[PDB]
Structure formats: C-alpha cells, structure tokens
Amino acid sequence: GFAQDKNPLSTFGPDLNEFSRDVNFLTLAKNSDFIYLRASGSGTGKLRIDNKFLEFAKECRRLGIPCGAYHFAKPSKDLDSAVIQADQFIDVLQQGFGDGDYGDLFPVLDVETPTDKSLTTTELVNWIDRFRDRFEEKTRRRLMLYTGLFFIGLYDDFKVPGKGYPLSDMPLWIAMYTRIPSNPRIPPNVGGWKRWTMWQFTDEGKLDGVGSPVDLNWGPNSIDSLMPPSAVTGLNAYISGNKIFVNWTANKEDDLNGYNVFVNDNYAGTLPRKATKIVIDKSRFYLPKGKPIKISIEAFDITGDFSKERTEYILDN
C-alpha cells in the first residue's frame, strides 16, 4: 500500500459551523485559501439549517474568500431519505449563496453516522450514492464526500459485496487526525480512492481569526481544483462562407480540461484545455437567413464542473 502526504503547494483552510466562536473573516482572508461552512444537517433527527450559515456565507462572498458548505447526513435503510436530504441541502445552499448557486467549492456530504451496526456497508453506500445521484442530477455540480478514516474502516473500506467501491469516483475529503497516536502519519490509500482531495488533519487547531479550537484542512495544490472554472472571456465569432469562426481567450485554471461550444444552445463541439478556437459548419444547424445566431461556451475542469455561466456572442446574421 501507499499513502499521500500534503506538500509545499497544498492549500489550507478551516471548516466552521454555528459553534465556531469568534470568527473574524477579515483575518481568515489573509491566512486561508478556502473556508468550508456547515449549511445544514439532519443529525438531530430533522433537517436544520445551520444558524450561522447564511451570515457566514454572505461575508465570505463579500470578502472574496472561496467558500463551500456541507450537509451533515443522517443515512438510513430508506433511500427516499437520501433524495429528501439532497433536495433540502440544494435548497439551503441557494439560500446561502444565491438562486442557482451552490458555492465556490465542492458542495460536501458529511457522513459520520451511524457507527453502530444498524446499516450494512451496502445500505450505507447505497444511501450515499443515491444522495450523490440526486444532488448532481439537480445541480450539475460535483458532490465531495467527507468522512473519517476510522468510519471507512467500520464499513469494510466502503467495499460493497459484488460492486467494488461505488463511491471511489467522488472527490474525497478524508479526516485522519495526527493527534491520535494510533493513526498513521499521513492518510493511507483506502476505499478505492486513488487520491484525497482534502485532508482534515486536526479538530483542535489554532488559527488566527477563529477563537475556538478549529478543524483544519489541507487541500489541492491549486484552489482551482476545488472550484468550477470561471466563465470564458474574450469570446468572438464571425461568419465567412458557410462556416462560423469562433475564438476566445484561454481559461487559466490549473485544472482546466476543455470547453463545450454551442450554436443556439445546440452542441457544436468539445475542445481540449489548450484550445482557443473552433470552426463550425453552419449546415449542421437550422440557421434561418437574417436571424441572429447565439454562440455560447463553457469551460470545464478535470473533475467535471463547468463555468457557472455560458459566455455568449450574438452574430447579427
């Protein structure tokens, strides 16, 4: 087996909730690459919005601090509750970040329960997987999974009989605290996950800008790897002959993986990460003579998030 340490480029930031004391976001803006907030949770037996989420998320956005949020899961044998909780989380996220906006960072499902024997590994993973399917279908945003190394170990490494590791394609935020002497020094490779995306290495950290002992995390080498890419800039198009010539400024994200281009919302092609142009054959589209033509584009990154908005260029035609 092998393991994955942090490195000099690793990003860093806390996660917080309504019980975090004395949080000065202006101070955190100077020392944190990102902040995670609790949005909601069902740990008490019903859905509760975190009582500081709206305030915390508004101030992080105001200060330009990359901000994401998590839902504390209550899994069960009834898979309808995964759909309900996913829908509730989707609703709360928009309350915090805006209509149709689910945060700067990956939305997170926080799974820490149950730790008795009440669910089989198949039942627990099926519940998470259903939550993931609903969440991503509804938002077009990737969902990151938070859980602890101990918890994974209680559930057989999240290995499902007959099915391998169904959650191993989720981004992983793994908790393994170095303050526990029996823990390894760095996160081992587990659950079929090739890599961790974030590592929560303490629940008792000291960081200027949070008064209470705080959860601290290592992240990817680039903040871009936690966020969707930005909208494309410099979009331009012209018609010559029977072709539409489209060009744009290259997106700059470290995790950029390509672009999709559309003509009147019909797909026109997929380009790789270094691309800055496409030539489109007009005959493939119903383009009434004299009517305007909408060219639009989205970037997407390695883990499959897209530009929140599609930059547009209207050809008068």
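From 1 onward, residues are counted along the sequence shown.
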Subject >> Of 180 to 188 and 135 to 143, the one with larger mean CA B-factor >> reply: 180 to 188
**OP:** Using the B-factors recorded in the PDB entry, average over the C-alpha atoms of 296 to 304 and of 16 to 24, then report which stretch comes out higher.
**Re:** 16 to 24
Original post:
Among 32, 249, 260, 264, where is the Cα temperature factor highest, going by the PDB entry?
Top reply: 264
**OP:** Pick out which of 209, 153, 96, 220 has the highest C-alpha B-factor in the PDB entry.
**Re:** 153
Original post:
What third of its chain, lowest, middle or highest, does the C-alpha temperature factor of residue 79 fall into?
Top reply: highest
Original post:
C-alpha B factor of residue 171, ranked within the chain: lowest, middle or highest third?
Top reply: lowest
Subject >> Entry-reported Cα temperature factor of residue 118, expressed as the chain third it lands in >> reply: highest
**OP:** Please rank the C-alpha B-factors of the chain's modelled residues and tell me whether residue 52 sits in the lowest, middle or highest third.
**Re:** lowest
Subject >> Among modelled residues of the same chain, the CA temperature factor third for residue 157 >> reply: highest
